[PDB]
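One chain follows as C-alpha coordinates, the form deposited in one PDB entry.
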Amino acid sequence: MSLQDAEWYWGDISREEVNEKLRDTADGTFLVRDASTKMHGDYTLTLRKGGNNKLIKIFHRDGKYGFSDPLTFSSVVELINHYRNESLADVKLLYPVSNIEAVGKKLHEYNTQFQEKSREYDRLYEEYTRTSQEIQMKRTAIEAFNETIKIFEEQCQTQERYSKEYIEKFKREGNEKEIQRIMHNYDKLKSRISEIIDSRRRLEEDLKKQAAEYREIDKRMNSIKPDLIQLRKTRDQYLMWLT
(Lines give C-alpha, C1' and ligand atoms only; values in the text may rest on other atoms or scores of the structure.)
Protein backbone atom coordinates (compact mmCIF):
# COMPACT_ATOMS: atom_id res chain seq x y z
CA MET A 1 0.00 0.00 0.00
CA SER A 2 1.17 3.52 -0.83
CA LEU A 3 2.18 6.00 1.85
CA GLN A 4 1.08 9.68 2.02
CA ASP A 5 -2.51 8.44 2.48
CA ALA A 6 -2.27 6.31 5.64
CA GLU A 7 -3.74 7.65 8.86
CA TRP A 8 -0.56 7.47 10.95
CA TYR A 9 1.54 9.51 8.50
CA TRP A 10 1.09 13.22 9.26
CA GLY A 11 3.95 14.97 7.47
CA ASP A 12 6.04 17.99 8.34
CA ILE A 13 8.44 19.02 11.11
CA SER A 14 5.91 20.24 13.70
CA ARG A 15 7.75 17.98 16.24
CA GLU A 16 5.68 18.93 19.26
CA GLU A 17 2.17 18.52 17.96
CA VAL A 18 2.89 14.80 18.30
CA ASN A 19 3.26 15.29 22.06
CA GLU A 20 -0.07 17.14 22.22
CA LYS A 21 -1.86 14.51 20.12
CA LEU A 22 -0.45 11.55 22.06
CA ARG A 23 -1.00 13.08 25.51
CA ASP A 24 -4.00 11.90 27.54
CA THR A 25 -4.75 9.12 25.04
CA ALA A 26 -5.14 5.38 25.43
CA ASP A 27 -2.17 3.02 25.63
CA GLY A 28 -1.09 1.76 22.22
CA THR A 29 -1.92 4.97 20.36
CA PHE A 30 0.82 5.65 17.82
CA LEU A 31 2.03 8.06 15.16
CA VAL A 32 4.59 7.93 12.34
CA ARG A 33 6.27 11.09 11.10
CA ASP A 34 9.39 11.92 9.10
CA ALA A 35 11.34 14.82 10.62
CA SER A 36 13.99 15.96 13.13
CA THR A 37 17.06 14.43 11.44
CA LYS A 38 16.88 14.65 7.65
CA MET A 39 14.60 15.69 4.80
CA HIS A 40 13.27 12.24 3.87
CA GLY A 41 14.00 8.71 5.07
CA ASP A 42 13.98 9.28 8.84
CA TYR A 43 10.42 8.13 9.66
CA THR A 44 10.39 8.12 13.44
CA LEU A 45 7.53 6.42 15.30
CA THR A 46 6.00 7.64 18.56
CA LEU A 47 4.29 4.83 20.50
CA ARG A 48 2.47 5.54 23.76
CA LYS A 49 3.36 2.91 26.36
CA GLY A 50 3.41 3.26 30.14
CA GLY A 51 2.17 6.82 29.74
CA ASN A 52 5.38 7.69 27.86
CA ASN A 53 5.93 8.44 24.16
CA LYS A 54 8.57 5.89 23.21
CA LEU A 55 10.56 6.84 20.11
CA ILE A 56 11.54 4.19 17.56
CA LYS A 57 13.68 4.95 14.51
CA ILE A 58 12.87 3.29 11.18
CA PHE A 59 16.16 2.54 9.44
CA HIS A 60 16.10 2.68 5.63
CA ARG A 61 18.57 0.81 3.42
CA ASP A 62 18.46 -0.39 -0.20
CA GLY A 63 14.82 0.58 -0.58
CA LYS A 64 13.87 -1.39 2.54
CA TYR A 65 12.49 -0.18 5.87
CA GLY A 66 12.88 -1.71 9.31
CA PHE A 67 13.37 -0.97 13.01
CA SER A 68 16.74 -2.74 13.17
CA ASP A 69 19.16 -4.32 10.73
CA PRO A 70 18.53 -6.51 8.82
CA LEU A 71 15.59 -4.73 7.16
CA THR A 72 12.97 -7.14 5.82
CA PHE A 73 10.03 -4.86 5.01
CA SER A 74 9.34 -3.03 1.76
CA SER A 75 7.35 0.11 2.62
CA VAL A 76 6.34 1.98 5.76
CA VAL A 77 2.77 0.68 5.47
CA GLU A 78 3.94 -2.94 5.43
CA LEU A 79 5.97 -2.43 8.61
CA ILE A 80 3.10 -0.61 10.33
CA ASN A 81 0.57 -3.31 9.44
CA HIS A 82 2.93 -6.15 10.37
CA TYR A 83 3.49 -4.68 13.82
CA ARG A 84 -0.22 -3.89 14.14
CA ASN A 85 -0.92 -7.61 13.74
CA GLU A 86 1.99 -8.79 15.91
CA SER A 87 3.42 -7.35 19.12
CA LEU A 88 6.73 -5.50 19.27
CA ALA A 89 8.12 -8.15 21.65
CA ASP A 90 6.17 -4.36 24.04
CA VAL A 91 2.56 -3.72 22.99
CA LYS A 92 1.24 -4.23 19.48
CA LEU A 93 0.08 -1.18 17.56
CA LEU A 94 -3.50 -0.36 18.54
CA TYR A 95 -4.93 3.10 17.78
CA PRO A 96 -3.84 5.17 14.75
CA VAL A 97 -4.21 8.93 14.98
CA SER A 98 -6.18 10.19 11.99
CA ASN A 99 -18.60 25.34 1.23
CA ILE A 100 -15.56 27.59 1.69
CA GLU A 101 -17.57 30.58 2.93
CA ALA A 102 -19.28 28.59 5.70
CA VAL A 103 -16.07 27.16 7.16
CA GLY A 104 -14.29 30.50 6.80
CA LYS A 105 -17.03 32.34 8.67
CA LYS A 106 -17.09 29.61 11.33
CA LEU A 107 -13.32 29.90 11.82
CA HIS A 108 -13.48 33.71 12.00
CA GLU A 109 -16.30 33.57 14.57
CA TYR A 110 -14.41 30.96 16.60
CA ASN A 111 -11.30 33.16 16.61
CA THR A 112 -13.35 36.18 17.72
CA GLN A 113 -15.07 34.29 20.55
CA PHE A 114 -11.75 32.72 21.58
CA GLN A 115 -10.37 36.25 21.96
CA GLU A 116 -13.47 37.20 23.95
CA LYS A 117 -13.04 34.24 26.30
CA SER A 118 -9.29 34.84 26.64
CA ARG A 119 -9.86 38.43 27.76
CA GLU A 120 -12.64 37.29 30.10
CA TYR A 121 -10.29 34.68 31.59
CA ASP A 122 -7.57 37.29 32.07
CA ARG A 123 -10.02 39.59 33.86
CA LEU A 124 -11.19 36.71 36.05
CA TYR A 125 -7.59 35.81 36.90
CA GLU A 126 -6.71 39.38 37.88
CA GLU A 127 -9.84 39.61 40.03
CA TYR A 128 -8.87 36.28 41.63
CA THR A 129 -5.39 37.60 42.47
CA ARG A 130 -6.75 40.86 43.89
CA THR A 131 -9.29 39.03 46.05
CA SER A 132 -6.58 36.65 47.27
CA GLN A 133 -4.41 39.58 48.36
CA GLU A 134 -7.40 41.17 50.10
CA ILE A 135 -8.13 37.86 51.86
CA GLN A 136 -4.54 37.55 53.09
CA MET A 137 -4.39 41.11 54.41
CA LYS A 138 -7.77 40.67 56.11
CA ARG A 139 -6.62 37.45 57.79
CA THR A 140 -3.50 39.24 59.02
CA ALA A 141 -5.67 42.05 60.41
CA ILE A 142 -7.92 39.49 62.12
CA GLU A 143 -4.89 37.93 63.80
CA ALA A 144 -3.71 41.39 64.88
CA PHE A 145 -7.14 42.11 66.38
CA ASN A 146 -6.98 38.76 68.18
CA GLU A 147 -3.61 39.61 69.73
CA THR A 148 -4.74 43.13 70.71
CA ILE A 149 -7.93 41.74 72.27
CA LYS A 150 -5.92 39.21 74.27
CA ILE A 151 -3.44 41.80 75.58
CA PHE A 152 -6.24 44.21 76.50
CA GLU A 153 -7.98 41.25 78.16
CA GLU A 154 -5.24 40.44 80.63
CA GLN A 155 -4.75 44.18 81.14
CA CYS A 156 -8.41 44.43 82.16
CA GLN A 157 -8.12 41.33 84.35
CA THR A 158 -5.09 42.75 86.17
CA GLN A 159 -6.86 46.12 86.63
CA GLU A 160 -10.09 44.83 88.23
CA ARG A 161 -7.97 42.44 90.39
CA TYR A 162 -5.66 45.06 91.96
CA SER A 163 -8.45 47.71 92.08
CA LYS A 164 -11.17 45.50 93.64
CA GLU A 165 -8.82 44.62 96.55
CA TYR A 166 -6.37 47.50 97.05
CA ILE A 167 -9.38 49.85 97.00
CA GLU A 168 -12.51 48.32 98.55
CA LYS A 169 -13.91 50.48 101.38
CA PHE A 170 -13.37 53.58 103.49
CA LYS A 171 -11.09 51.60 105.82
CA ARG A 172 -8.47 51.66 103.05
CA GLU A 173 -6.70 54.75 101.74
CA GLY A 174 -9.27 55.12 98.96
CA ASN A 175 -12.01 57.02 100.79
CA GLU A 176 -13.34 58.43 97.50
CA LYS A 177 -10.49 57.79 95.04
CA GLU A 178 -12.38 54.93 93.38
CA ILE A 179 -15.42 57.05 92.49
CA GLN A 180 -13.17 60.02 91.74
CA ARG A 181 -11.04 58.48 89.00
CA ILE A 182 -10.71 54.72 89.04
CA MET A 183 -14.24 53.58 88.19
CA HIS A 184 -14.18 55.91 85.18
CA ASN A 185 -10.75 54.57 84.23
CA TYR A 186 -12.10 51.01 84.28
CA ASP A 187 -15.16 52.22 82.36
CA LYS A 188 -12.91 53.57 79.61
CA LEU A 189 -10.96 50.30 79.68
CA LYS A 190 -14.06 48.17 79.14
CA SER A 191 -15.28 50.59 76.46
CA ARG A 192 -11.96 50.17 74.65
CA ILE A 193 -11.99 46.37 74.85
CA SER A 194 -15.62 46.30 73.67
CA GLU A 195 -14.72 48.56 70.74
CA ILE A 196 -11.78 46.34 69.77
CA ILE A 197 -13.84 43.15 70.02
CA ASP A 198 -16.58 44.73 67.90
CA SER A 199 -13.98 45.70 65.29
CA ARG A 200 -12.62 42.15 65.31
CA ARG A 201 -16.12 40.69 64.89
CA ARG A 202 -17.11 43.01 62.03
CA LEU A 203 -13.80 42.35 60.27
CA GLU A 204 -14.37 38.60 60.59
CA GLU A 205 -17.76 39.14 58.94
CA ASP A 206 -16.09 41.15 56.17
CA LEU A 207 -13.49 38.39 55.75
CA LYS A 208 -16.26 35.80 55.43
CA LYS A 209 -17.97 37.90 52.75
CA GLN A 210 -14.66 38.30 50.91
CA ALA A 211 -14.09 34.53 51.14
CA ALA A 212 -17.53 33.96 49.61
CA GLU A 213 -16.59 36.35 46.80
CA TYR A 214 -13.33 34.42 46.37
CA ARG A 215 -15.28 31.15 46.12
CA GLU A 216 -17.61 32.64 43.50
CA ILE A 217 -14.71 34.00 41.43
CA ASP A 218 -12.96 30.62 41.58
CA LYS A 219 -16.17 28.87 40.50
CA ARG A 220 -16.63 31.21 37.53
CA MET A 221 -13.00 30.90 36.42
CA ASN A 222 -12.99 27.13 36.83
CA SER A 223 -16.21 26.80 34.83
CA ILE A 224 -14.99 29.09 32.04
CA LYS A 225 -11.55 27.46 31.66
CA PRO A 226 -12.40 24.06 30.06
CA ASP A 227 -14.69 25.78 27.56
CA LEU A 228 -11.70 27.97 26.65
CA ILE A 229 -9.51 24.90 26.08
CA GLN A 230 -12.22 23.29 23.94
CA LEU A 231 -12.61 26.44 21.84
CA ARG A 232 -8.84 26.73 21.41
CA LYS A 233 -8.70 23.11 20.25
CA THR A 234 -11.54 23.66 17.77
CA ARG A 235 -9.94 26.83 16.40
CA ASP A 236 -6.61 25.02 16.02
CA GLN A 237 -8.16 22.09 14.17
CA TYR A 238 -10.04 24.37 11.77
CA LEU A 239 -6.88 26.43 11.20
CA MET A 240 -5.00 23.21 10.40
CA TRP A 241 -7.26 22.95 7.34
CA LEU A 242 -6.44 26.56 6.26
CA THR A 243 -8.47 26.08 3.07
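The first residue of the sequence shown is number 1, and the count goes up from there. Throughout, rigid core stands for the largest set of C-alpha atoms superposing within 1.5 Å between the two forms. Only residues modelled in both forms are compared.
Per the record, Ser98 and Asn99 are separated by 10 or more deposited residues that are missing from the model.
Form deposited in another entry: not shown, discussed below.
Taking the rigid core as fixed, one finds a CA shift for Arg23 smaller than 2 Å between the shown form and the other one.
Once both forms are fitted on their rigid core, the CA atom of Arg192 lies less than 2 Å apart between the shown form and the other one. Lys177 is among the residues whose C-alpha shifts by 2 Å or more between the shown form and the other one once the rigid core is aligned. The Cα-Cα distance between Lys171 and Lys190 is shortened by 3 Å or more in the other entry relative to the form shown here. Relative to what is shown, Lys21 and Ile13 are closer in the other entry; their C-alpha atoms differ in spacing by at least 3 Å. Core-based superposition between the shown form and the other one shows that the consecutive residues, three or more at a time, whose C-alphas shift by 2 angstroms or more lie in 13-15, 38-40, 168-174, 177-180.
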